[PDB]
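Starting off, we have a lone chain in the form deposited in one PDB entry, written out as structure tokens.
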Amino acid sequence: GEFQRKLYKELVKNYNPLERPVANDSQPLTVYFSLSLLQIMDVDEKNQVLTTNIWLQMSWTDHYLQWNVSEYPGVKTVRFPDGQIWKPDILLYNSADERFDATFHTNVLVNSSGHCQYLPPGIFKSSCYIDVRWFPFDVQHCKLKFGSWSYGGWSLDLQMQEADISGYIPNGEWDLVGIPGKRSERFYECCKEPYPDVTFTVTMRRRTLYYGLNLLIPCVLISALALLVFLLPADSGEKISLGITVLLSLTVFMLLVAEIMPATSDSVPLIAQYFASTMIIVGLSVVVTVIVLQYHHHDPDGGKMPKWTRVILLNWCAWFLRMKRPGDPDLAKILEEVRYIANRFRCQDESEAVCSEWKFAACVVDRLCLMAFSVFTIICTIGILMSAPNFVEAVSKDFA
């Protein structure tokens, strides 16, 4: 209308977008900076980058953009695009975007008394340190640092307002704990003037149902299956096959898991410890299987069983496991022939008795190692899983 056109013509008269709009040049300009979190788009553990969708909030008073509503009866607010009025140069310090500024420039809404509002949206990429020590039961704190680039503390007085999470849309992987803020002043090597900044810290908890169902349970099941090599009889040549195939599958699982993790050397991750323990156990099982097979296929003429191993294996472990322990000239010529045949048969029987003793010793060793390996696997798995903090509360919140 006529009043709106006249007001727009009058307001921009003699207006300089380069000038800080303060009545007194010696006084700082107060700007209220806040934030409005809308969504956590992505958390990149490998690249250490957090992607969020937020709305920035800025507010200040303009001394020159004031008018009397009586003279312009219908006009209450005006809007100015980029490059026509003064705006703060507030940037995100720890940006990880190929172009530093990610905000989308929009209009600035103005009171009839000079109050200005500026709420630019955008997709913000920031570089925050991600700790994988307790993965997948980890809680991450990622910081967002904002502040004016070229305005010091004597010119632009930055103030903080609490972040808004009313329109937050929950994520299926991360659980938001809170987003507190802090305002502080710092000194830089450039200049002798303090530069205030506002830092917002996003605290998020990882939901562990997916990882527990897709990584931890299959590893437990395969490790338990690797213990079946101690129930197979040695007469079936299928023990090394079982052990080695299980080991190969677990190595594949290590590779799949490590393809998603950062190559940091700060600490050893919990899942890395778990995989190392499982693989060491499986390798020891393969070694024990080799020893048991060596005992089973023992040549009777190779050598007598040592007294110590014989007594311990055939008495103490047998008692402990309640093992069952098995166990005219023509006439003379024919006589010596049948005597030779009978003696040969008796020697064969003695050799088979020795072989049976060796096989029983192998079975006893195998059963003992089964018990020991099962106990060790259970203890190691439980201890490694329970070592992590907030594991119990993660289980309670996710599964129960």
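Here, rigid core means the biggest group of C-alpha atoms that superpose within 1.5 Å across both forms. For every residue, the number given is its place in the sequence shown, counted from 1.
The protein also exists as the form deposited in another entry; that form is not presented, and the subsequent description refers to it.
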Can you tell which of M160, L313, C128, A163 moves its Cα by 2 Å or more between this form and the one not shown, with the two forms laid on the rigid core?
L313
Is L38 displaced by at least 2 Å at its C-alpha between this form and the one not shown when the rigid core is overlaid?
no
Answer yes if the Cα of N53 shifts by 2 angstroms or more between this form and the one not shown on a rigid-core superposition, and no otherwise.
no
